[PDB]
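> Heads up, the working numbering is the position in the sequence shown plus 623, with the first residue counted as 1.
For reference, the structure I am asking about is given below.
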Amino acid sequence: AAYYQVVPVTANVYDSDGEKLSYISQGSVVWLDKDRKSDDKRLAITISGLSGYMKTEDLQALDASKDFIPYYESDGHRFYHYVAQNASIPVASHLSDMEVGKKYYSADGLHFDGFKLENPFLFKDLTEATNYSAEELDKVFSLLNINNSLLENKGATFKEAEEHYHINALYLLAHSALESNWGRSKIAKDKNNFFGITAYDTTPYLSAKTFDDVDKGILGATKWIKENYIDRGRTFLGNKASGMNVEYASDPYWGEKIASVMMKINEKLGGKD
Ligand SMILES: [Ca+2]
């Protein structure tokens, strides 16, 4: 088969030495890499920029004529990644080289046969501050019709987190937007945890960290990200090959999803970043 689906809750991706490089989520589709040797026990595969090996035990072959395979498609305005049959995210602007309504296939979401994507937020150094002020970040809730969010009017706590910990506030807003549904998840409301901290794939809600209030959740999650990711040399969102996505989340498109939110906010606030 050309495509394989991850069967267990998560599965490891290994190098040729058998060392763990990362892990990916149940349902993830990986591409068979025909330039490298596969055997009975391990397949050479690619996923979200990472070229390695997976145990055949963890995979199920798909048939692309009847099973969903992730793909990218232009509407003539934005290029979308279909990350699941019924969910698309906008990743870039339409390039004149894209045929409208044609499905395109890419292992990194950057290199395609007939064009290449800049996804600048995906690789943007997150220690650089946003050019958006507290008031500009706060205007995004109306501009995107975000209702009943615990993060409404917290632009000032985000810019404080950015001032004190040197982490990009537009990135902190986008990450909390994705992980907690803009501060509307049960974890968001119960534990002021907006970033999915220690919310492990095996038991996400049980292992989720508790913060005392919304402001301490923003500042406390920022301190955690700084100490566990930024300070250990994970300084951009990235994918399964590099950046925070190697270890932060099983979802191979976690970084792409956060970049997509940064892109949408940036566009609605006037393009200052
Ligand atoms: Ca090695």
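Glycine residues also receive a C-beta, built at the ideal position from the N, C-alpha and C atoms.
(1) Could you check if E642 belongs to the surroundings of ligand 1, using beta carbon to heavy atom distance under 7 Å?
(2) With hydrogens ignored, establish whether the beta-carbon of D638 is closer than 7 Å to any heavy atom of ligand 1.
(3) From the DSSP output, in three-state form, read off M677 for me.
(4) Output the residue ranges of the alpha helix (DSSP H) runs that lie fully inside the stretch 806-870 and measure 4 residues or longer, sorted by chain position.
(5) Go ahead and label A797 buried or exposed: buried means 16 or more other beta carbons lie within 10 angstroms of its beta carbon, across all protein chains shown.
(6) Tell me the residue span of the alpha helix (DSSP H) that contains residue 928.
(7) Residue range of the beta strand (DSSP E) that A784 falls in?
(8) Are there three or more Cβ pairs, one per stretch, closer than 8 Å when the stretch 882-889 is compared with the stretch 708-728?
(9) Restricting to Cα atoms, I'd like to know which of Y794, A831 and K809 is closest to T858.
(10) Between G894, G893 and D662, which lies nearest to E680 when the distance is taken from Cα to Cα?
(11) State the beta-bridge partners of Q708 as determined by DSSP.
(12) What does a CB cutoff of less than 7 Å around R855 pick up in its chain, not counting 5 residues either side in sequence?
(13) Count the C-beta pairs between the stretch 857-877 and the stretch 732-748 that are closer than 8 Å, then say yes if the count reaches three, no if not.
So, from the data block:
(1) The count along the sequence shown starts at 1 and reaches residue 642 at position 19. Yes, the Cβ of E642 comes within 7 Å of a heavy atom of ligand 1.
(2) Translated into positions along the sequence shown, residue 638 becomes position 15. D638 Cβ: within cutoff of ligand 1.
(3) One-based indexing of the sequence shown puts residue 677 at position 54. Residue state for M677 is assigned as strand, using DSSP reduced to three classes.
(4) 809-814 and 837-851
(5) Along the sequence shown, read from residue 1 onward, the residue named residue 797 stands at position 174. The residue is buried, with at least 16 neighbouring Cβ atoms inside 10 Å.
(6) For residue 928 there is no data in the structure shown, the boundaries of the chain being 624 and 896.
(7) On the sequence shown, position 161 is the one that residue 784 refers to. Note, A784: premise wrong, no beta strand (DSSP E); alpha helix (DSSP H) at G778 to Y788.
(8) yes
(9) As a position in the sequence shown, residue 858 is number 235, starting the count at 1. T858 has its Cα closest to that of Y794, out of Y794, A831 and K809.
(10) By one-based count along the sequence shown, residue 680 stands at place 57. Minimum Cα distance to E680 is reached at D662.
(11) Start at 1 with the first residue of the sequence shown, and residue 708 comes out as number 85. DSSP lists no partner for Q708.
(12) Locating residue 855 in the sequence shown gives position 232, where the first residue counts as 1. Taken in chain order, the list of residues that qualify is empty.
(13) yes
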